[PDB]
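Per the entry's author numbering, residue 1 is the first one in the sequence shown, and the count goes up by one each step.
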Amino acid sequence: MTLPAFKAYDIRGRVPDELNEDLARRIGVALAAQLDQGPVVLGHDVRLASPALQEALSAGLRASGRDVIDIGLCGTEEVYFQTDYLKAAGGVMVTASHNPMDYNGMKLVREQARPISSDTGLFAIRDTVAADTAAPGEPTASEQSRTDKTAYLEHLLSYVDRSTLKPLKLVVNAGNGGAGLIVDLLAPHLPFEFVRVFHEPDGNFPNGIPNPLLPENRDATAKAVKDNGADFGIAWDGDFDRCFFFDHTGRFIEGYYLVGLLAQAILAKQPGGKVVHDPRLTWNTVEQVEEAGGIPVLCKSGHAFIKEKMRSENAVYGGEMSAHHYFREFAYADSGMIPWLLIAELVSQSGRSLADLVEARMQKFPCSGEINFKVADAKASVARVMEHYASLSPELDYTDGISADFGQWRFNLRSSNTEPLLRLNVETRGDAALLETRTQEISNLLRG
Ligand SMILES: O=P(O)(O)O[C@H]1O[C@H](CO)[C@@H](O)[C@H](O)[C@H]1O
Ligand SMILES: [Ca+2]
């Protein structure tokens, strides 16, 4: 077979049978052979096993003559930022995301933090590692510890005009991941009053593995917002490249609406820019981007496709409905920090609540939310859906699965690249009833 831990976009698997220090060392050796010239940035998340996996990566890299820049315990976006900022040859983030306790993984980038994915180096690394029975060499290069976050923090703060910020009360929920470290470093530079929930990093995860999409985790942020009269709340996943917003009523804001909201925020600073978005949910983004004077650019979902489209378009911002937000000046990479700074600035400057900023958009373009299906035969199920709707002659687009635009409603139906799942998204033109009847109709067909 092949090593299961090597996935489409990253490495992830159970420790130690799918991922271990031996494999991590071999990955470091193989990565050295795939990169252009330069040092390699290494960082890791709060999981208990992550430092030892990083140390093994460093040992293999240095055995291959790569200088290593250890940026320590960090968020995934810090590996991206420092890889680009320090003009490194590449970088690796050791992170398990929201996988179980016995799991870990790696996210790999080359120069300018460009993703390394299955077809752009990751399976080449896998195949090298799979066949590597060489004895480990000894280090011929050095490791340097670079824990200075000054340039990173300055970069984050550059997205807002600090003199215009108001002393909003913000709930922040790190989920015992790593986000609180950065919040606390930003706080002396910000006027906000923070209400800190599950703030301390703890790889034992006493309050659950960080995942704000799970309703019981969602409710912890909502409750803190409501009980403290906070202006809004922010929660992160463990490596905080994803952020999740709760308005002052405690309501979780579906990520679709943040794409248009952030696009308008960015377009105020970079007028006429292009904005990349995915095909799952589109109408609101296209309208908000165009209204703000930007140009929307449709792109298949998946961070590697988004980033490569942003680069070829010089796009100022890209956003996915799945809580991923990419910024041109941030090495075209995603950050879980820039978005809430931008939203705090928008609330401060406009005098409008986060709820108000999105309310009419969510009424105008209601969406189903992403609904996932594990079916016996994905291809046959998609065909049942398309045959059912054939007599209505929808406009079809195959950018990313199937998008079908019926006029007053549309859907996107695609296979996941990271799980053996079918993913459904439906939206309508201001019609909640049509949204529900079509969502249920499609669901019945998929399950038939
Ligand atoms: O499983 P999917 O849907 O192919 O991909 C999922 O993981 C990718 C990497 O995190 C994201 O960029 C996608 O937006 C998300 O939907
Ligand atoms: Ca993450």
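C-beta atoms are modelled at their ideal positions from N, C-alpha and C, and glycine is treated no differently.
Its chain contains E21 as the residues whose beta carbon lies nearer than 7 Å to that of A52, once the 5 sequence neighbours on both sides are disregarded; these appear in chain order. Collapsing the DSSP output to three states places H388 in a helix. Here the alpha carbons of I402 and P394 stand approximately 11 Å from one another.
For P339, the enclosing alpha helix (DSSP H) starts and ends at 338–350.
Relative to ligand 2, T133 has its C-beta separated by 7 Å or more from all heavy atoms.
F123 and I27 have their C-alpha atoms roughly 11 Å apart.
Excluding sequence positions up to five before and after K226, its CB lies within less than 6 Å of the CB of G250, all in the same chain and listed in chain order. Per DSSP, the beta bridge partners of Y103 are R14. When DSSP assignments are scanned along the region 387–441, the uninterrupted stretches of beta strand (DSSP E) that are 3 or more residues long and fall wholly within it turn out to be 395–397, 402–405, 409–415, 422–428.
Secondary structure of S145 (DSSP, three-state): strand. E427 counts as buried, since no fewer than 16 other beta carbons sit within 10 angstroms of its beta carbon. Short of 7 Å from the beta carbon of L168, and not among the five residues preceding or following it, lie these beta carbons of its own chain, in chain order: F192, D231, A344, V347, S348. In the three-state reduction of the DSSP assignment, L3 falls in the coil class.
With contacts defined as CB atoms closer than 8 Å, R328 and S301 fail to qualify as a contacting pair. Spatial neighbours of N173 in its own chain (CB-CB distance under 6 Å, excluding positions within 5 residues in sequence) are listed in chain order as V197, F198, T221, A235. Only residues of its own chain outside the window of five on either side were considered, and among them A63 have a CB closer than 7 Å to the CB of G137, listed in chain order.
The residues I234, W236, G336, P339, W340, in chain order, have a CB closer than 6 Å to that of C243 in the same chain once the five nearest residues on each side in sequence are set aside. The continuous stretches of beta strand (DSSP E) do not include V183, which lies in the alpha helix (DSSP H) extending over residues 179–186.
Here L261 is near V358, since their CB atoms are less than 8 Å apart. In this structure, the beta-carbon distance from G13 to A24 does not fall below 8 Å. Runs of the beta strand (DSSP E) lying entirely within the region 47–99 and spanning at least 3 residues, in chain order: 68–73, 90–94. Around the beta-carbon of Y398, fewer than 16 other beta-carbon atoms lie within 10 Å, marking it exposed.
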